[PDB]
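Encoded as structure tokens, the following chain is the form deposited in one PDB entry, with no partner shown.
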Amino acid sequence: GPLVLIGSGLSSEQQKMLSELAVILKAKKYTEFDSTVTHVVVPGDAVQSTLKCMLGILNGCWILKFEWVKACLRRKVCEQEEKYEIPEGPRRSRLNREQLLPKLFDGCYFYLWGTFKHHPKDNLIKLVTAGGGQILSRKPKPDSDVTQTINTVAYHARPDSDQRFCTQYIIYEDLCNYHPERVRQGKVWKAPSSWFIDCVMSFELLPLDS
């Protein structure tokens, strides 16, 4: 298809330059993230811990250093994206979706507990859904647990982690003076919002017990 570009953390001069490139490439340039976005450009050589970037990772977009815009504009060409792609999380996710593999939170369920202020609740719901996870409207417990109705696993869990098959998460906003006594009860973990965000930024289902 058509390319759809967006910038995260770009200066005004950078955003103009991105629009200039979209014209050269016959592409769209947006300011709000959408599932049609193909390319997220960052200002330097590092991922931004922003919603736009995180949505771009969960979508397996190209997350590219601003040098890509400079290079394309000097050549009037869509330069080869892999040579400008941010490594680690972005790249692993891009490859994951090219191979039509499960999204990061496939087989995972999330219940958003308590008050959210510094990780907006809307943001977390966006990210859950974008990563292929399921938002729960009632606190998870065994007598209502859908994972008994069909074998449910989390593809991105490490091989030998309980998170392969214990895939349900109570998420709380960290540092409310709350560390739990047990991080896991049955199939349900209690995890801070800061863990969830770290999983996204890394494209990993990071361990809670190990």
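By rigid core we mean the largest C-alpha set that fits within 1.5 Å across both forms. All residue numbers are counted from 1 along the displayed sequence.
One more form of this protein exists, namely the form deposited in another entry; it is left out here, but the text below deals with it.
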Using the core for the fit, does the CA position of residue 38 change by 2 Å or more between this form and the one not shown?
-> no
Does the C-alpha of residue 147 move 2 Å or more between this form and the one not shown once the rigid core is lined up?
-> yes
Using the form shown as baseline, tell whether residue 194 and residue 145 are closer or farther in Cα-Cα distance in the other form, where the change reaches 3 Å or more.
-> farther
Explain in one word, closer or farther, how the Cα atoms of residue 153 and residue 147 are placed in the other form relative to this form, where the distance changes by 3 Å or more.
-> farther
